[PDB]
């Protein structure tokens, strides 16, 4: 908590000029959003990847704009579910996989905040989310099995764009770039949760000893 405020404060320090800021989703991002009151004069435009964050930003007086109206994001700040030694991530375990990935895609710089528990040497212990067109769900699950993954439909979840989620277990993702590409080619896959083709630019990590290391 004090740790979260510290990691979020570190991230906020990257806001040094007038920018279009993009904001992610999750619990450490919550602390970032509170800290943004100290950078209001530099936050020209805010884009959000999730309803929760948007509610929180609006409560502090920030106007949140649609990405199509904002144009390019200068700086996107978000958490992750897993991070490896090359700033490649698994994200999407919560809400908003597709919105988060679009925001990262449109961002000049992506800062990812994590704690050390999420740091791994190989991605895959945390299940990989994949957003899929509903009509293709079973077809895609079958192709995922051929890759060695165990797909599990995420019950009672419909995404912002009317799709469903398969959470994929049992993968040892030693080549995130190649698996991300492969999953992209499966017909009916909208988005997958590997962020490797466009990895984080900076990772701020809160350590077991409650200090901050910037990678």
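Residue numbers count along the first chain shown, from 1.
Higher-scoring stretch by recorded Cα B factor average, 141 to 149 or 69 to 77: Of 69 to 77 and 141 to 149, the stretch with the higher C-alpha B-factor average is 69 to 77.
Which is higher on mean Cα B factor in this entry, 108 to 116 or 83 to 91? That would be 108 to 116.
Sort 181, 163, 170, 156 by C-alpha B-factor from the entry and give me just the highest. By C-alpha B-factor in the record, 156 ranks first.
Top residue by Cα temperature factor, when 175, 49, 28, 187 are compared in the entry: Checking the PDB record, the top C-alpha B-factor among 175, 49, 28, 187 is at 28.
Place residue 21 in the lowest, middle or highest third of its chain's C-alpha B-factors, as listed in the PDB entry. For residue 21, whose C-alpha B-factor we compare with every modelled residue in the chain, the answer is the middle third.
Where the record places residue 14 (Cα B-factor, split into thirds across the chain): Its C-alpha B-factor, which the entry lists for residue 14, ranks in the highest third among residues of this chain.
Report the third (lowest, middle or highest) to which the CA temperature factor of residue 207 belongs, ranking only the modelled residues of the same chain. Its C-alpha B-factor belongs to the highest third of this chain's values.
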